[PDB]
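Structure record follows, encoded as structure tokens.
Proteins get letters first, then strands, A, B, ... in listed order; numbering begins at 1 in each. Because only heavy atoms are used, hydrogens play no part in the values below, and waters and symmetry mates are left out as well, while side chains stay in.
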Amino acid sequence: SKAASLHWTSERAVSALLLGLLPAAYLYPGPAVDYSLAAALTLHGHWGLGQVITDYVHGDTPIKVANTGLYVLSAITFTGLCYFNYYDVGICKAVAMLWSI
Amino acid sequence: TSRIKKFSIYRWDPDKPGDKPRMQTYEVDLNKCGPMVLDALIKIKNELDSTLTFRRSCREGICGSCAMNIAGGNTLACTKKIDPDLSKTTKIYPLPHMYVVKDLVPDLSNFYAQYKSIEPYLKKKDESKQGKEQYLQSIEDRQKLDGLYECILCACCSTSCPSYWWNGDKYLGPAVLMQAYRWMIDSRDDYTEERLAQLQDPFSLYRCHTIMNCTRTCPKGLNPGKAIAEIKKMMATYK
Amino acid sequence: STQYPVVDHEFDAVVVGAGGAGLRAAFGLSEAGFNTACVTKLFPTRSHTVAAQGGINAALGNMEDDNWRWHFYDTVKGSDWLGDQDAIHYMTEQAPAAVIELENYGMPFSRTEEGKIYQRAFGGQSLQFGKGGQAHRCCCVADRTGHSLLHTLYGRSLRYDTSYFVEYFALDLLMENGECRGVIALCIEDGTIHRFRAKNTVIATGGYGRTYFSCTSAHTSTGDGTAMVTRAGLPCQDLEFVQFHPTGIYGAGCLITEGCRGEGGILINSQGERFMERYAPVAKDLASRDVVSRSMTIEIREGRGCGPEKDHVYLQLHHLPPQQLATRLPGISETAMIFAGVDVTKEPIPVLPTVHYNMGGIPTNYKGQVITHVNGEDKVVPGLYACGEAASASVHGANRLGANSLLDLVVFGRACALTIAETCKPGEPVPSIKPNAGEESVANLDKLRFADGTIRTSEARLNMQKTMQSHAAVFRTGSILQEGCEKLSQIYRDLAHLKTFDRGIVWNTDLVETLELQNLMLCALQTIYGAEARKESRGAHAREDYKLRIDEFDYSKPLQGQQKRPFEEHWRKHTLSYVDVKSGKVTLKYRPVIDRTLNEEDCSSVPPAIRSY
Amino acid sequence: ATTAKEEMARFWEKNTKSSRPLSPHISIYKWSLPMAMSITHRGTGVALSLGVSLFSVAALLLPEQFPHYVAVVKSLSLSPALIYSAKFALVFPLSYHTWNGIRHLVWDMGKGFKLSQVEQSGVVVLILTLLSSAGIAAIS
Ligand SMILES: *Cc1cc2c(cc1C)nc1c(=O)[nH]c(=O)nc-1n2C[C@H](O)[C@H](O)[C@H](O)COP(=O)(O)OP(=O)(O)OC[C@H]1O[C@@H](n2cnc3c(N)ncnc32)[C@H](O)[C@@H]1O
Ligand SMILES: CCCCCCO[C@@H]1O[C@H](CO)[C@@H](O)[C@H](O)[C@H]1O
Ligand SMILES: CC1=C(C(=O)Nc2ccccc2)SCCO1
Ligand SMILES: O=C([O-])CC(=O)C(=O)O
Ligand code: SF4
Ligand code: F3S
Ligand code: FES
Ligand SMILES: [K+]
Ligand SMILES: [K+]
């Protein structure tokens, strides 16, 4: 019954989180932050592109198709980031290394 | 010593459908015309082309009839000063992204139906004593309606909202949502929760992305963007 | 015809007009169970009612103690005894109930410290039958009362199954045997012709201020309903009584509410003098409109006008606290800035008397039923009603009191509905009309559509407006009225030479404005001929060649031993006007004013007396 | 009498099958900084998202690990000016989106809605974006 306002509320909460993870990534690099960013970046992004789809895509089929695709992209994205955090240096460290060039 | 001003106006005749929409230029001597764009429009129709068509009624910006797009912005022609720079041509178009009936006349029927859909009338849990005594309202509670009840339903704001352009079939739009807020906070209305429940879907209220074109274009100086933000806050906290 | 597609509708009732009156009558019929149609040339909230400012009168007693019989008295005197006391009685007594209804609909009235409806002072209203000082009974929504009243009534109408035909232009009544059986109209969106058949028709089309060159009126106040009555061969009444509002803004003509004076504003001339203290020692700037307008006009005539052309005067509000201006008069504060570049907290507004409202209209009884007058007797026209500015009940007589019109709309809009419901039953059979009924309306419409004469519509309309402005203004005289009459008669004959250009049918405003011109001209002819015949001064009609009000007795002296004047020898009577539409010949007749109230014992009749403020 | 829902349906049935044109919108509406910033906030968000997705997919598909490509780049001894420029281009969209995003969250708290505040906050967001971006491009 309140799914719409709940979603709107969730989106803001996640946006806030991301905001806090920025400073956190700088002050406390490491797994905790690395995985949180992986989750927040994926979720904030999924919902955002979701809003973009709702605005511009119309027609029942085109919309279902567009949303199935987005869901596929989000899954792959979250997987790749976790994989990178696991088998490689991790997001926080990758950024510092990239900035040392 | 005339001051010839040029106006380029959108034209389309339903009775000669095949002729594509075009712009027609008219030359008007400002020394023999009132100061507002509507004055020029009426002068053109009375002296230069009586086929030019537009809605109008009050001449003082209270009826809402003459809304149109002048120099890129939606506004009321009857209160819009003509730009006296004779080197510039003023372009006049119908309200944006609307179906044109003829010339500057848009079809506002979806707009009115959206307004009807939010039940813009006082509802109390028990209406059987209606007509017997004045309902009491404090000065402080009445003041909450300032900035909301003055809307003249011209549709300048809604037709300036990109979201209403792309989703006007399901997005109620700024004018309607602000009137919904106006009944939500009327201390005499007892259906606030229900008014809020009606917006629990992805489009009615939520296509608003705080672009703020609506508030910038209102000829009455109102702020529907702010009103929409207040609804979102109530939607997030109500029980 | 055969060339225009015709659509037929059957309803229990048809209301022409969606202003305050039309809407109130329309949903009033629907709430009583009648299958009702409301035909309007404009989307409802665009009607002139939306522009009303000052307020609506009712003896609620929210500010000080009141009595509706005092409001009855102020209205009778204000009308200069041309008003029918039975209708005035009904209107003032029903006023408190009517305002409470609107507030219970949600109208956002301004509030007092007790949470009740805020009421302001207004022109020509007193306590204690004119003996006790200024009344404060004008209920308002700051200075946008009309806007709120109309939007509130429109929202309410959304709760009923009334069928609305928006942007449909009514052309004529469907008459048969002296009975009205509906109306024929043009659907502006698609060009089709529609016939609305119904046992009862309510005309709520507004006034005709647009017959003048300068007016506070909308471009759409063209007397279309009054003209339909005239074309059906029925009489209109008291059309020569035209109200000039004291304060239309100089130039634009936009109304500056009388609420300004109700809240303390004052009129001053070029010498800074508060001149109403001289014309109306007691009432001052809150004297009746006919008196303030004439006083302002004399100030200007006598050289004390302001501006480079010394052609207007000033309305001063800056001595008032800016919080009061913002709370009570925010609307005109904006308007003054937009149309005169004036900041009301610092400088005065330039103003001048401006055509504003029509006291005359279609004659009705106090129940809203349209009447005709045959062999010295009033007779009801079966199935025809009228309310609002288009009707002459007559609650306003020779001069309407500010804030009594919005009251008039809801009270009589409601009365028409009540009367029909206590007279007929929903579902009764719909009256018949000949198969070609309305054909002459369609032929006239086709004639203007293809008119290829020599005088375009805007040219003839401007001629009409300038003639009226300069031959039937605040002060009038026999020879100027006569030249005006002949001028209008010629302009009327010259309509044979009309020229239009738009040959389309969808939204052909070139055509609709030519139809409105024919309507305006019929109203104007009657106004000016009636004025020329009325050789006396009464309320808004001032003759400099006939300066006294002429009653059946000389009420300035004792009646004891006086010889009553024969009906044909005095002027306290309503003018009934008729027009032979093909020729334009105007015929004038007279009917008596009704002095009896609805109950002598509860509200006694007010005999004529000297009228002074 | 017709319900709001029936009116909306007839509205679309009537117009979609009519010859009425749709009045211009995007090609004639006058722009404003707030409107431009609005499209830009959407543009940066999408760019940022496609960036994260591309990186995520590169991590799952590329042969070598991250340090390897970092070293390869360092070995090319590219001009520090060019590298500074690239750092600026990388942090710009994220900085813009971040500051403007905060501007949005303040609106969601119902603050800053007066036209003057809307214009002012937008200009502040542009300055903060340029300062932080220039500060970070020169490393942190
Ligand atoms: C002009 C004016 C009048 C006025 C006022 C301010 C201004 C600027 N302020 C007032 C106030 O504060 N208090 C008050 O008592 N009166 C005030 N007035 C006068 C008063 O407002 C008017 O007399 C009153 O509004 C009358 O309204 P009414 O219901 O009689 O009609 P209307 O609003 O003018 O609307 C007319 C309707 O009829 C329709 N129409 C007209 N012709 C046709 C045709 N041909 N076919 C179909 N419909 C027709 C119009 O569409 C409209 O809906
Ligand atoms: C190409 C991107 C630049 C942004 C366009 C700025 O556009 C300007 O914005 C200001 C402030 O809102 C308005 O007052 C002006 O009328 C408008 O032209
Ligand atoms: C619908 C919407 C945007 C939009 O489409 N803006 C826009 C598009 C085209 C032309 C002007 C503005 S930008 C902010 C998110 O919401
Ligand atoms: O006509 C009226 O009754 C009142 C009006 O114009 C005003 O607000 O001054
Ligand atoms: S909010 Fe302003 S722009 Fe929108 S309809 Fe109302 S008056 Fe017109
Ligand atoms: S322009 Fe549109 S997106 Fe929201 S703030 Fe105004 S309704
Ligand atoms: S004509 Fe009434 S708002 Fe312009
Ligand atoms: K409430
Ligand atoms: K009247």
Side-chain angles (χ1 to χ4, degrees), chain A residues 1-10, chain B residues 110-131 135-138 141-142 144-145 147-149 151 153 158 164 167-208 224-239, chain C residues 27 30-31 101-108 148 151-162, chain D residues 1-9 108 110:
Chain A
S1 52
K2 298 196 178 182
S5 50
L6 269 161
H7 182 81
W8 182 87
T9 300
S10 294
Chain B
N110 180 51
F111 176 82
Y112 300 136
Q114 285 172 136
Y115 177 58
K116 180 170 188 184
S117 81
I118 56 106
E119 303 189 5
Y121 41 83
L122 188 63
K123 308 176 65 184
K124 294 175 84 61
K125 291 303 178 183
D126 194 319
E127 296 188 21
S128 64
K129 305 289 207 176
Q130 79 185 60
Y135 292 151
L136 296 177
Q137 190 176 58
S138 74
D141 270 358
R142 170 53 178 81
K144 298 183 177 181
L145 296 181
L148 309 177
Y149 87 94
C151 177
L153 292 174
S158 293
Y164 193 76
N167 296 288
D169 59 334
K170 300 205 275 298
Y171 174 41
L172 298 176
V176 168
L177 291 170
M178 183 166 81
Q179 283 312 293
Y181 181 61
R182 175 266 180 273
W183 287 100
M184 280 167 53
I185 64 178
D186 191 318
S187 68
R188 290 165 310 180
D189 191 274
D190 299 318
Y191 284 62
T192 315
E193 192 190 316
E194 292 87 341
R195 296 184 178 281
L196 287 160
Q198 174 178 37
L199 312 172
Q200 290 283 1
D201 70 73
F203 296 93
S204 301
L205 160 71
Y206 293 112
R207 282 312 89 212
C208 178
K226 186 181 177 31
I228 288 168
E230 287 307 315
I231 293 168
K232 288 163 166 186
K233 285 174 59 172
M234 288 171 70
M235 291 283 285
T237 63
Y238 86 94
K239 309 181 185 178
Chain C
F27 75 76
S30 294
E31 70 174 326
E101 175 180 81
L102 290 169
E103 188 282 328
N104 285 9
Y105 288 162
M107 205 170 143
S148 281
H151 279 283
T152 298
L153 283 182
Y154 176 66
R156 186 69 183 197
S157 77
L158 294 180
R159 306 189 76 159
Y160 303 89
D161 69 315
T162 311
Chain D
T2 302
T3 68
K5 288 210 175 194
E6 308 171 326
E7 281 160 31
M8 282 163 211
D108 295 333

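One finds the NZ atom of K116(B) at 8.5 Å from the OH atom of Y121(B) (value rounded to the nearest 0.5 Å). Atoms CD1 and CZ, from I228(B) and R207(B) in turn, are 12.5 Å apart once rounded to the nearest 0.5 Å. Of the inter-residue distances, the one linking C208(B) atom SG with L199(B) atom CG reads 12.0 Å to the nearest 0.5 angstrom. Rounded to the nearest 0.5 angstrom, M235(B) CE and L6(A) CG are separated by 10.0 Å. Note: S128(B) OG to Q130(B) CD = 8.0 Å, rounded to the nearest 0.5 Å.
Considering only residues two or more places apart in sequence or on other chains, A197(B) meets the side-chain contact (heavy atoms from CB on, under 4.5 Å) condition with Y238(B). Residues satisfying the side-chain hydrogen bond (donor to acceptor under 3.5 Å, both in side chains) criterion with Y149(B), sequence neighbours excluded, are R144(C). The side-chain contact (heavy atoms from CB on, under 4.5 Å) check on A175(B) picks up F111(B), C157(B), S158(B), with sequence neighbours excluded. For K226(B), the side-chain contact (heavy atoms from CB on, under 4.5 Å) criterion is met by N223(B), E230(B), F113(D), not counting sequence neighbours. Partners of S5(A) by side-chain hydrogen bond (donor to acceptor under 3.5 Å, both in side chains), not counting sequence neighbours, listed by chain and number: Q200(B). With sequence neighbours excluded, the residues satisfying ring-ring contact (aromatic ring centres under 6.0 Å, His included) with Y105(C) are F27(C). Considering only residues two or more places apart in sequence or on other chains, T2(D) meets the side-chain contact (heavy atoms from CB on, under 4.5 Å) condition with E6(D), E7(D), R10(D). Annotation: side-chain hydrogen bond (donor to acceptor under 3.5 Å, both in side chains) contacts of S1(A) (sequence neighbours excluded): none. Residues that satisfy the side-chain hydrogen bond (donor to acceptor under 3.5 Å, both in side chains) test with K123(B), not counting sequence neighbours, are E119(B). Take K144(B) and apply the salt bridge (charged side-chain N to carboxylate O under 4.0 Å, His left out) test, not counting sequence neighbours, and it matches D141(B).
Of all heavy-atom pairs spanning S204(B) and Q198(B), the tightest one is OG-O, 4.4 Å. Between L122(B) and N104(C), the closest heavy-atom pair is CD2-O, 3.5 Å. Across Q114(B) and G168(B), no two heavy atoms sit closer than the pair OE1-O, 2.9 Å. Minimum interatomic distance between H151(C) and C151(B) (heavy atoms only, all atoms of both residues): NE2-O, 4.1 Å. Heavy atoms only, all atoms of each residue included: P202(B) and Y206(B) are closest at O-CB, 3.5 Å. Across every non-hydrogen atom of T162(C) and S30(C), the tightest pair is OG1-OG, 2.5 Å.
Judged as a side-chain hydrogen bond (donor to acceptor under 3.5 Å, both in side chains), the pairs with a partner in residues 167-183 of chain B (not counting sequence neighbours) are, in order, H58(A)-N167(B), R182(B)-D186(B). Among residues at least two apart or in separate chains, salt bridge (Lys or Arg N to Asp or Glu O under 4.0 Å) pairs with a member in residues 190-203 of chain B are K125(B)-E194(B), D189(B)-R195(B).
When side chains are defined from C-beta on, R142(B) counts as touching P108(C), because their heavy atoms get closer than 4.5 Å. Side chains of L177(B) and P224(B) form no contact here, defined as non-hydrogen atoms less than 4.5 Å apart.
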Practice task
Dump the intermediate steps for salt bridge (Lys or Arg N to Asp or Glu O under 4.0 Å) on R188(B) and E103(C), then the final yes or no.
Solution key: CA-CA 10 Å; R188(B) 290 165 310 180; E103(C) 188 282 328; 2.9 Å; yes
Exercise for the section: Decide yes or no on side chain to side chain contact (heavy atoms under 4.5 Å, CB included) for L205(B) and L172(B), but give the supporting numbers first. Expected result: CA-CA 7 Å; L205(B) 160 71; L172(B) 298 176; over 6 Å; no
Practice task
Decide yes or no on salt bridge (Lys or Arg N to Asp or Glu O under 4.0 Å) for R156(C) and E101(C), but give the supporting numbers first.
Solution key: CA-CA 11 Å; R156(C) 186 69 183 197; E101(C) 175 180 81; over 6 Å; no
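Side chain of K232(B) to main chain of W8(A): no donor-acceptor pair is present (N/O by atom type, distance under 3.5 Å, no hydrogens or angles).
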